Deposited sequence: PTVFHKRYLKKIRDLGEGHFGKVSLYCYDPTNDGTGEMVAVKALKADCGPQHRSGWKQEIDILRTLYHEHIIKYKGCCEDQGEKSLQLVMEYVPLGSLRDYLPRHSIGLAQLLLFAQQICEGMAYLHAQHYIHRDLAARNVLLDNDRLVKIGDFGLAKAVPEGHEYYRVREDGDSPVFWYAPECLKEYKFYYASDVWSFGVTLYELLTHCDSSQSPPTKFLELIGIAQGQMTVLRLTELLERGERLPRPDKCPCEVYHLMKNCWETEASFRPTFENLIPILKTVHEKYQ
């Protein structure tokens, strides 16, 4: 499907993706206003960013799931000699923005977690890794439905891992990614654990992974932030238990943060577990 540049009326900016800005447009061929509101992502950039942006479109073109953000079409970008990526508009935005301003119950948070896992199980079956599973990339469709966005770092697993570059969300990353630059399917599960930590804190800035890990590491020696993070995690230190987080949920969180990647559950293993834990607290 092809969106014509002439009928796009920009309303406002939505945010910053990995290789580009996301903006809210009204697409109005009629000139009426009935024409739908769409989230449009555009490239900014150097040579290696162009190669990645084309891959992001290629990835998102092929994905189709109720907990992955809907691809709608492409729009030709005469202004950047590029292709702008048109997606569905989720007015509620990310969980990172939403949860600080809305007191969400534990049961509802566990449903979101289940929903994220279902979307990630799908992604892993299509042989893709996400590589920035974080609360900022989980978009709320409505109160009972979340969708995974931003596949800017997403990559095709051929081989059980992808070898990463030296931008990298280190505070959501497993020791193997930080130490050996190998991203496994099990590395996305580590990130999910951190995303689940984020949910149970209501994405409170003061309890955020960067804030909590930099409290542990210190900033007196910034050059060795990643090495100190690596050492801390290999020592078995972990992000604390969020206030009013059930002990069993924190154990699940800890199982996602197992140092050895094979000891972590797959996203298929997690789905039934979260279903049960959800029904418990509902």
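Gaps between the deposited sequence and the modelled structure occur at positions 1, 46-47, 162-163, 172-173.
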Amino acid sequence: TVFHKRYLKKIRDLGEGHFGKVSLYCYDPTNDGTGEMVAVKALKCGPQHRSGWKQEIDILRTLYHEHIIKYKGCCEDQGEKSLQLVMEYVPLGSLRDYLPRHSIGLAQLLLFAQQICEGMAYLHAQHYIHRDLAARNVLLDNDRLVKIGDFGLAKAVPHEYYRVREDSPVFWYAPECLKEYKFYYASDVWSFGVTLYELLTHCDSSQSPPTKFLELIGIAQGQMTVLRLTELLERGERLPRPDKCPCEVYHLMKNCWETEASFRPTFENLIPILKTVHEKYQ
From here on, numbers count along this sequence of modelled residues.
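Stretch comparison (22-30 versus 210-218) by mean CA B-factor in the PDB entry places 22-30 on top.
As the entry records it, the average C-alpha temperature factor is higher for 32-40, out of 32-40 and 57-65.
Going by the entry's values, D77 shows the largest Cα B-factor out of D188, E118, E176, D77. Among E198, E160, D132, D97, the highest C-alpha B-factor in the deposited entry belongs to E160. Ranked within its chain, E258 lands in the lowest third, by CA B factor from the PDB record.
Among all modelled residues in this chain, the alpha-carbon of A113 has a temperature factor (C-alpha) in the lowest third. The entry lists a Cα temperature factor for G15 that places it in the highest third of the chain's modelled residues. Compared with the other modelled residues of the chain, the Cα B-factor recorded for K244 ranks in the highest third. Residue-level temperature factors show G73 in the highest third of its chain, judged at the C-alpha atom.
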